[PDB]
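A.B. asks: Structure: model-v2.cif, mmCIF, C-alpha atoms.
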data_coords
#
loop_
_atom_site.label_atom_id
_atom_site.label_comp_id
_atom_site.auth_asym_id
_atom_site.auth_seq_id
_atom_site.Cartn_x
_atom_site.Cartn_y
_atom_site.Cartn_z
CA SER R 1 -164.47 13.78 342.23
CA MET R 2 -161.06 12.28 341.93
CA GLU R 3 -161.29 12.63 338.08
CA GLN R 4 -161.89 16.48 338.45
CA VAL R 5 -158.78 16.72 340.61
CA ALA R 6 -156.68 14.68 338.09
CA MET R 7 -157.92 17.02 335.30
CA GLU R 8 -156.99 20.02 337.48
CA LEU R 9 -153.51 18.60 338.11
CA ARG R 10 -153.00 18.22 334.24
CA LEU R 11 -154.16 21.85 333.73
CA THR R 12 -151.77 22.99 336.45
CA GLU R 13 -148.93 21.15 334.80
CA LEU R 14 -149.84 22.55 331.33
CA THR R 15 -149.85 25.99 333.05
CA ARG R 16 -146.33 25.30 334.34
CA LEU R 17 -145.08 24.34 330.88
CA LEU R 18 -146.82 27.36 329.18
CA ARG R 19 -145.27 29.73 331.74
CA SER R 20 -141.83 28.46 330.71
CA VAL R 21 -142.80 28.77 326.99
CA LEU R 22 -144.07 32.33 327.66
CA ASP R 23 -140.77 33.29 329.29
CA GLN R 24 -138.73 31.93 326.42
CA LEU R 25 -140.87 33.76 323.83
CA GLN R 26 -140.78 37.01 325.73
CA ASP R 27 -136.95 36.83 325.81
CA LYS R 28 -137.07 37.04 322.02
CA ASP R 29 -138.50 40.57 322.46
CA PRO R 30 -135.65 42.32 324.30
CA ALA R 31 -136.93 45.72 323.18
CA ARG R 32 -140.23 45.04 325.10
CA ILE R 33 -142.25 46.10 322.04
CA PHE R 34 -144.89 43.44 322.86
CA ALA R 35 -144.79 43.57 326.69
CA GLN R 36 -147.92 45.67 327.23
CA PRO R 37 -151.19 46.51 325.42
CA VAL R 38 -151.03 49.14 322.72
CA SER R 39 -152.08 52.39 324.58
CA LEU R 40 -155.47 53.72 323.41
CA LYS R 41 -154.48 57.08 324.92
CA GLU R 42 -151.46 57.15 322.52
CA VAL R 43 -153.05 55.27 319.51
CA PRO R 44 -156.70 56.42 319.81
CA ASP R 45 -157.79 54.84 316.47
CA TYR R 46 -156.18 51.43 317.24
CA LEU R 47 -159.42 49.49 317.62
CA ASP R 48 -160.65 50.72 314.26
CA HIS R 49 -157.68 48.73 312.80
CA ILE R 50 -157.19 45.78 315.20
CA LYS R 51 -160.22 43.92 316.49
CA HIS R 52 -158.53 41.59 318.93
CA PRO R 53 -155.49 43.31 320.55
CA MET R 54 -152.98 41.15 322.35
CA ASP R 55 -149.72 41.48 324.30
CA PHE R 56 -147.53 39.47 326.69
CA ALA R 57 -148.98 41.01 329.88
CA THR R 58 -152.54 40.14 328.87
CA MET R 59 -151.36 36.52 328.03
CA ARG R 60 -149.68 36.29 331.43
CA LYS R 61 -152.93 37.27 333.26
CA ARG R 62 -154.80 34.60 331.32
CA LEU R 63 -152.07 32.05 332.01
CA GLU R 64 -152.05 32.64 335.76
CA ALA R 65 -155.81 32.21 335.97
CA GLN R 66 -155.23 28.82 334.17
CA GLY R 67 -157.20 30.19 331.25
CA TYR R 68 -155.37 28.26 328.49
CA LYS R 69 -156.95 24.75 328.13
CA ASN R 70 -154.44 23.56 325.49
CA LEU R 71 -151.33 24.74 323.54
CA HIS R 72 -153.49 25.72 320.52
CA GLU R 73 -155.28 28.48 322.54
CA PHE R 74 -151.91 29.86 323.75
CA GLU R 75 -150.50 29.85 320.23
CA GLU R 76 -153.59 31.69 318.96
CA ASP R 77 -152.82 34.54 321.38
CA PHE R 78 -149.11 34.57 320.45
CA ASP R 79 -150.01 34.72 316.78
CA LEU R 80 -152.33 37.73 317.47
CA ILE R 81 -149.41 39.63 318.90
CA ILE R 82 -147.40 39.14 315.71
CA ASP R 83 -150.20 39.38 313.23
CA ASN R 84 -151.75 42.59 314.67
CA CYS R 85 -148.33 44.30 314.57
CA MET R 86 -147.68 43.26 310.96
CA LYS R 87 -150.97 44.74 309.84
CA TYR R 88 -150.90 48.04 311.82
CA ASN R 89 -147.27 48.80 311.13
CA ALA R 90 -145.58 49.12 307.75
CA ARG R 91 -142.75 46.80 306.58
CA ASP R 92 -140.10 49.46 307.05
CA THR R 93 -140.74 49.99 310.77
CA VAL R 94 -138.93 48.79 313.85
CA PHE R 95 -142.25 47.39 315.08
CA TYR R 96 -142.94 45.23 312.03
CA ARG R 97 -139.37 44.02 311.95
CA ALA R 98 -139.54 43.12 315.67
CA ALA R 99 -142.62 40.97 315.00
CA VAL R 100 -140.92 39.14 312.15
CA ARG R 101 -137.93 38.31 314.40
CA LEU R 102 -140.22 37.22 317.27
CA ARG R 103 -142.17 34.96 314.93
CA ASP R 104 -139.04 33.40 313.49
CA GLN R 105 -137.36 32.84 316.85
CA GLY R 106 -140.52 31.74 318.65
CA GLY R 107 -141.13 29.04 315.98
CA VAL R 108 -138.25 26.99 317.41
CA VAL R 109 -139.66 27.20 320.99
CA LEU R 110 -143.21 26.37 319.91
CA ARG R 111 -142.05 23.40 317.84
CA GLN R 112 -140.54 21.68 320.92
CA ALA R 113 -143.44 22.78 323.18
CA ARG R 114 -145.85 20.85 320.93
CA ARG R 115 -143.68 17.73 321.15
CA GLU R 116 -143.62 18.09 325.04
CA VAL R 117 -147.36 18.61 325.35
CA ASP R 118 -148.06 15.48 323.22
CA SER R 119 -145.21 13.54 324.91
CA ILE R 120 -146.14 14.22 328.63
CA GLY R 121 -149.85 14.19 327.57
#
Once you've parsed the file, please lay out its structure as structure tokens.
C.D. replies:
Amino acid sequence: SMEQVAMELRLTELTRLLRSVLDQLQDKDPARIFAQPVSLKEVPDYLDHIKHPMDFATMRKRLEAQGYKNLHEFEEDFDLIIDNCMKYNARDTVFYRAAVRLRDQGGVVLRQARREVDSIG
């Protein structure tokens, strides 16, 4: 149908905007602490602690398969990155501190992304 195509064009455009959001958020992690999944070879007990692991590479695979239907789903995944880190790592660690800084800096980006998603529809 023509409606299915119109819907697919909107998804494609949301995908374009989320890719730009993803790039901007990932720049706020210049240490690349959150770039890849936590290694289960190197942290064998990780899944005993964290039930839903997340990282920027995993978000990028989902993104490129157009697997985010809306900004809320994308934010859920970004929040998992931060929140998992802040539970697994103590307050005095470079990892925890990196998550706090990512959260604080990403807030600004996400605030305008919401306005754009609503605005462009």
A.B. asks: Rank R:48, R:42, R:8, R:29 by their smallest atom-to-atom distance to residue 81 in chain R, using only C-alpha atoms, and report the top residue only.
C.D. replies: R:29
A.B. asks: Using all atoms listed in the file, which residue out of R:110, R:98, R:74, R:118 lies closest to residue 24 in chain R?
C.D. replies: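 Ranked by minimum distance to residue 24 in chain R, first place goes to R:110.
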A.B. asks: Can you pull out every residue within 12 Å of range 50-57 of chain R, counting only C-alpha atoms, but drop anything in the same chain fewer than 5 positions away, and send it as a PDB file with C-alpha atoms, in the frame of the given file?
C.D. replies:
ATOM      1  CA  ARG R  19    -145.270  29.730 331.740  1.00  0.00           C
ATOM      2  CA  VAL R  21    -142.800  28.770 326.990  1.00  0.00           C
ATOM      3  CA  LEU R  22    -144.070  32.330 327.660  1.00  0.00           C
ATOM      4  CA  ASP R  23    -140.770  33.290 329.290  1.00  0.00           C
ATOM      5  CA  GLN R  24    -138.730  31.930 326.420  1.00  0.00           C
ATOM      6  CA  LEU R  25    -140.870  33.760 323.830  1.00  0.00           C
ATOM      7  CA  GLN R  26    -140.780  37.010 325.730  1.00  0.00           C
ATOM      8  CA  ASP R  27    -136.950  36.830 325.810  1.00  0.00           C
ATOM      9  CA  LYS R  28    -137.070  37.040 322.020  1.00  0.00           C
ATOM     10  CA  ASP R  29    -138.500  40.570 322.460  1.00  0.00           C
ATOM     11  CA  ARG R  32    -140.230  45.040 325.100  1.00  0.00           C
ATOM     12  CA  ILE R  33    -142.250  46.100 322.040  1.00  0.00           C
ATOM     13  CA  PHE R  34    -144.890  43.440 322.860  1.00  0.00           C
ATOM     14  CA  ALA R  35    -144.790  43.570 326.690  1.00  0.00           C
ATOM     15  CA  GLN R  36    -147.920  45.670 327.230  1.00  0.00           C
ATOM     16  CA  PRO R  37    -151.190  46.510 325.420  1.00  0.00           C
ATOM     17  CA  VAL R  38    -151.030  49.140 322.720  1.00  0.00           C
ATOM     18  CA  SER R  39    -152.080  52.390 324.580  1.00  0.00           C
ATOM     19  CA  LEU R  40    -155.470  53.720 323.410  1.00  0.00           C
ATOM     20  CA  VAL R  43    -153.050  55.270 319.510  1.00  0.00           C
ATOM     21  CA  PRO R  44    -156.700  56.420 319.810  1.00  0.00           C
ATOM     22  CA  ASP R  45    -157.790  54.840 316.470  1.00  0.00           C
ATOM     23  CA  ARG R  62    -154.800  34.600 331.320  1.00  0.00           C
ATOM     24  CA  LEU R  63    -152.070  32.050 332.010  1.00  0.00           C
ATOM     25  CA  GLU R  64    -152.050  32.640 335.760  1.00  0.00           C
ATOM     26  CA  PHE R  74    -151.910  29.860 323.750  1.00  0.00           C
ATOM     27  CA  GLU R  75    -150.500  29.850 320.230  1.00  0.00           C
ATOM     28  CA  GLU R  76    -153.590  31.690 318.960  1.00  0.00           C
ATOM     29  CA  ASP R  77    -152.820  34.540 321.380  1.00  0.00           C
ATOM     30  CA  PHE R  78    -149.110  34.570 320.450  1.00  0.00           C
ATOM     31  CA  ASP R  79    -150.010  34.720 316.780  1.00  0.00           C
ATOM     32  CA  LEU R  80    -152.330  37.730 317.470  1.00  0.00           C
ATOM     33  CA  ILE R  81    -149.410  39.630 318.900  1.00  0.00           C
ATOM     34  CA  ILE R  82    -147.400  39.140 315.710  1.00  0.00           C
ATOM     35  CA  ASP R  83    -150.200  39.380 313.230  1.00  0.00           C
ATOM     36  CA  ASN R  84    -151.750  42.590 314.670  1.00  0.00           C
ATOM     37  CA  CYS R  85    -148.330  44.300 314.570  1.00  0.00           C
ATOM     38  CA  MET R  86    -147.680  43.260 310.960  1.00  0.00           C
ATOM     39  CA  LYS R  87    -150.970  44.740 309.840  1.00  0.00           C
ATOM     40  CA  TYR R  88    -150.900  48.040 311.820  1.00  0.00           C
ATOM     41  CA  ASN R  89    -147.270  48.800 311.130  1.00  0.00           C
ATOM     42  CA  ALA R  99    -142.620  40.970 315.000  1.00  0.00           C
TER      43      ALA R  99
END
A.B. asks: Measuring between all atoms listed in the file, which one of R:114, R:1, R:11, R:101 shows the shortest distance to residue 66 in chain R?
C.D. replies: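 Checking each of R:114, R:1, R:11, R:101 against residue 66 in chain R, counting all atoms listed in the file, the winner is R:11.
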A.B. asks: Pick from R:31, R:13, R:71, R:61: nearest to residue 113 in chain R, with only C-alpha atoms counted?
C.D. replies: R:71
A.B. asks: Rounded to one decimal, what separation in Å do you get between CA of residue 102 in chain R and CA of residue 119 in chain R?
C.D. replies: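 About the pair CA of residue 102 in chain R and CA of residue 119 in chain R: they are 25.4 Å apart.
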A.B. asks: Hey, can you check how far CA of residue 30 in chain R sits from CA of residue 49 in chain R?
C.D. replies: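 Straight-line distance from CA of residue 30 in chain R to CA of residue 49 in chain R works out to 25.7 Å.
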A.B. asks: Using CA of residue 92 in chain R and CA of residue 104 in chain R as the two end points, give the distance in Å to one decimal.
C.D. replies: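 Taking CA of residue 92 in chain R as the start and CA of residue 104 in chain R as the end point, the length is 17.3 Å.
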A.B. asks: Would you give the centre and edge lengths, in Å to one decimal, of a box along x, y and z around the listed atoms of range 48-62 of chain R, with 5 Å added to each side, as AutoDock Vina command-line options?
C.D. replies:
--center_x -154.1 --center_y 42.7 --center_z 323.0 --size_x 23.1 --size_y 26.1 --size_z 30.5
A.B. asks: Between R:18, R:3, R:107, R:12, which one has atoms that come closest to residue 73 in chain R, using all atoms listed in the file?
C.D. replies: R:18
